[PDB]
């Protein structure tokens, strides 16, 4: 079978679910790791296809390709349209966390396909049979995600995080972040405080952060304003078989409740 490689994992399952049991897909990273760079060791490189997200997220390898030629990868993020970046370096760059909107995670499942059948169409009908299924499943959760965060008026719905990765999630439906994306560290006071204040202007309630490991940032505001510091959100990556979020779908299914569960 043809092997296939991904840029992280948030897409690893995404493709392994269209691939099915026909190919073999592997990521390069592993549960719980900043997919914004680092952890690049000799380990790698030959599958006959490499998929990725592009949009300067995961661009750690954009140079790493220099070690090899061909094995034509493919962006997936090509629908399309991005909402830009607010502050910090990469100002007015494309936000890249575009899979957290079920409506575009569609795109992929259709764009991902495209790259499959391009190579070894022997099993062209299998993807077509998978992608179509999945696609529904996606279209099905949308109603769940949309129907759950809808019962939270008035405005009180701006979810709060660190790597403000839900920029699309918040685009689809009814926001606050310590930093616009991963890079360097966490803006000092001037930064934190910026969230400290707006949490208490609206004025609640609980916020959220992403896996690890900028606890210093969000923690502080929790016990320095009037929060409760809800459980970790999932985006940059998946969780293990034990921890909630063993797959993409149930990631979405998950975060939405908890975001909604954070409302009085």
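In the entry's author numbering, the protein residues as written are 54 to 97, 102 to 231, 234 to 323. Idealized CB from N, CA, C, for every residue including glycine.
Reduced DSSP category for residue i - H, G, I as helix; E, B as strand; rest coil
| i | result |
| --- | --- |
| residue 269 | strand |
| residue 141 | strand |
| residue 151 | strand |
| residue 313 | helix |
| residue 119 | helix |
| residue 126 | coil |
| residue 169 | helix |
| residue 58 | strand |
| residue 325 | Residue 325 is absent from the structure shown; the chain starts at 54 and stops at 323. |
| residue 318 | helix |
For residue i, the first and last residue of its enclosing alpha helix (DSSP H)
| i | result |
| --- | --- |
| residue 256 | 251-261 |
| residue 226 | 226-229 |
| residue 280 | 274-280 |
Supposed close pair residue i, residue j - CB separation, criterion 8 Å
| i | j | result |
| --- | --- | --- |
| residue 57 | residue 104 | 5 Å |
| residue 166 | residue 188 | 5 Å |
| residue 251 | residue 279 | 6 Å |
| residue 273 | residue 296 | Going by Cβ atoms, the distance from residue 273 to residue 296 rounds to 15 Å, so no, they are not a contact pair. |
| residue 228 | residue 298 | Actually they do not touch by this definition, with Cβ atoms about 25 Å apart. |
Opening and closing residue of the beta strand (DSSP E) in which residue i lies
| i | result |
| --- | --- |
| residue 106 | Residue 106 -> no beta strand (DSSP E), and no H or E assigned at all. |
| residue 195 | Taken as a continuous stretch (DSSP letters only), residue 195 belongs to no beta strand (DSSP E), being part of the alpha helix (DSSP H) at 181-205. |
Own chain partners of residue i with C-beta closer than 6 Å, once the 5 adjacent residues on each side are dropped
| i | result |
| --- | --- |
| residue 318 | 216 |
| residue 307 | 66, 67 |
| residue 231 | 214 |
Close Cβ partners of residue i (< 8 Å) along its chain, the five nearest in sequence each way excluded
| i | result |
| --- | --- |
| residue 284 | 255, 258, 259 |
| residue 313 | 293, 303, 304 |
Close-in-space but distant-in-sequence residues of the same chain around residue i (CB under 7 Å, 5 per side omitted)
| i | result |
| --- | --- |
| residue 130 | 106, 107, 108, 109 |
Minimum Cβ-Cβ distance from residue i to chain C less than 8 Å
| i | result |
| --- | --- |
| residue 222 | The structure shown contains no chain C; it holds only a single protein chain. |
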